[PDB]
Each structure stands twice: as C-alpha cells, then as structure tokens.
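Everything below concerns the one structure shown next.
Note: ideal-geometry Cβ built from the backbone for every residue, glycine included; neighbour counts use all protein chains shown. Just so it is clear, none of the values below were taken in a lab; they were calculated from the coordinates.
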Amino acid sequence: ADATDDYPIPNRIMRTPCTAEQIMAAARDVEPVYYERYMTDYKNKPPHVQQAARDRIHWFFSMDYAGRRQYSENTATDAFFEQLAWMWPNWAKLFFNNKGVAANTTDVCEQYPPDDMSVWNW
C-alpha cells in the first residue's frame, strides 16, 4: 500500500498562502474544463452551501498555515470531520486536486490577483 502525499488535502495547496479567488483564478485558467465542472456543481448547491463553502475556504486563507494544520489534522482524524462534508462533500473538489493542478495553481496563485471576484461569478 505504502503512503502518498496526496492525502490528506494537498499539501501544496494547503501550505500555500493564496486567497481562494487567487487559486480559483489560477484554476479556471489552468484547468477550465475541471473548473467548469466544479462551477456547475457549485451552482448546483444552494446559496447556503455555496456561501458556507466560501466561509470555510475564507477561514483557510485567514488561518493560512494554521488552517493547513487544522485541516490536515481534522481530516487525518476523520475525513467526515468537516461539517461541510455533511451537506456537500464536493464543496472543495476544485481545491482537492492532486494532479498537476496542485503544482500549477500553487506556483501561479502567487501571481494572480486576489481581488478577482469574477471567479465567484463566471
């Protein structure tokens, strides 16, 4: 079985100080196909969950490394620890990507503008 660094939530994504808008902006440019899929599912959930997901990712950016530590520990302890997973487990599928997406978004979220609010409404 071994072990991989793809679990828990991508270390590259978690240990990078970028806003959701920043990573989302990078994500829509790097992988628009997957971004649209996420957006389609994002619009599928009600505003309450959409805002809830946003609130949770907002805390991630605000806590930053602290958020990374808590998210890593919380998911390590229990994947269903997140109360958002209770309502929708794909609340952060865009961020939960261990493909080249994690490397590309981390390496460019540091350059895209954090005030890109067009990521919330494409």
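A few notes on this one:
- In order along segment 105-122, phi translates into HN-Hα couplings of 6, 5, 6, 10, 5, 7, 10, 6, x, x, 9, 7, 8, 6, 6, 7, 9, 8 Hz, rounded to whole numbers, per the Karplus curve 6.51 cos²θ - 1.76 cosθ + 1.60 with θ = phi - 60° and x for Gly and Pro.
- Using the rule -39500 (n - 2.57) for each DSSP H run of four or more residues, divided by the residues of the chain, the 222 nm mean residue ellipticity is -17000 deg cm²/dmol.
- Backbone phi angles across segment 7-13, fed through the Karplus curve with coefficients 6.51, -1.76 and 1.60 (θ = phi - 60°), yield HN-Hα couplings of 10, x, 3, x, 4, 4, 6 Hz in residue order; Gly and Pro are listed as x.
- Farthest positive-ward along the chain dipole, Cα basis, beta-carbon charges - from 59, 91, 26: 91
- Potential lengthening between residue 70 and residue 86 on full extension [0.36 nm per residue; Cα-Cα distance subtracted]: 4.0 nm
- Spin-label model distance (nm) - residue 77 vs residue 6, 7 Å beyond Cα toward Cβ: 2.7
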